[PDB]
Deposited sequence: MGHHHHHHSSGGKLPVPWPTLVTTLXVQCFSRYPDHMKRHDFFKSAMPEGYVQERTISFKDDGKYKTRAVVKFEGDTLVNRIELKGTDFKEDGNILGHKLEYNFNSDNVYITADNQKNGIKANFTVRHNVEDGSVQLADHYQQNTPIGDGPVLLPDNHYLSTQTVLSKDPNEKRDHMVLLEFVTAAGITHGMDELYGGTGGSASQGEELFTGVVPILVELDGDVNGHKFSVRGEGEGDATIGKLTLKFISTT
């Protein structure tokens, strides 16, 4: 009927090729350099004092559409914890995603999810991307996200708006010169509860903008 986990816990899993890289940093944009063939993005997301997600995503162009197709496996979540207990607030904080080269890339960052009781649930992210390219110097992605709802959507859903810019110190980049349609498909299992998510929207790497609507 609906998602077995809170929507905010899925936000990071549900396309960093849409980050805006400053022109002073274009030599360091792995994600676009891998297009159109794309990259595999794999994470381990450790929810401290709770379970973890292991994800594997294929991110690539299929014709004119940037596709993000995901398998997610969630294990060891506590029935009464913040996640399966649905105690997370429906919002998101800013993050810095720290990137370094993998001689692809690796990235690390810790998401802070706000709990109903003012406390904080940490989601520690370990990330690796391998091409299906530009190996970058150390840098990070400054990420901003807002979560909302569609007034006339009847299905369990999440509207997401995101802005991402690289900071802190190759022909594929040409595929991102305009607004690019996005398709996201997630096949999930958390503690044995199988679920799927489908999302559509568009990305505009000129401004680093993402706008998507996901339904479960």
Where does the model skip over parts of the deposited sequence? 1-11, 26, 116-118, 148-151, 189-203, 251-252
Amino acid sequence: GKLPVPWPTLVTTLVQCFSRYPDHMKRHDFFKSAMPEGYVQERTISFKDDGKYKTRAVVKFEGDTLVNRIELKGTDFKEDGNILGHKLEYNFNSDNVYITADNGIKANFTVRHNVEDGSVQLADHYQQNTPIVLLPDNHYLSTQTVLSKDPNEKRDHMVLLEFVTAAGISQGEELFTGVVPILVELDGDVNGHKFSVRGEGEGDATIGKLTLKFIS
From here on, numbers count along this sequence of modelled residues.
Greater mean Cα temperature factor according to the PDB record, 21-29 or 193-201: 21-29
So 84-92 or 104-112, which one's hotter by mean CA B-factor in the entry? 84-92
Of the options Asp150, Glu173, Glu42, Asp187, which has the highest CA B factor as deposited? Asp150
Identify, among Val59, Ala34, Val159, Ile169, the residue whose C-alpha carries the highest B-factor in the deposited PDB entry. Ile169
By its CA B factor, does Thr165 count among the lowest, middle or highest third of the modelled residues in the chain? middle
In terms of its chain's C-alpha B-factors, the third that includes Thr65 is the middle
Could you look up the Cα B-factor of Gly51 in the entry and say which third of the chain it sits in: lowest, middle or highest? middle
Mind checking which third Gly178 falls in for C-alpha B-factor across the chain? highest
Using the temperature factors of the C-alpha atoms in this entry, rank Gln127 within its chain: lowest, middle or highest third. lowest
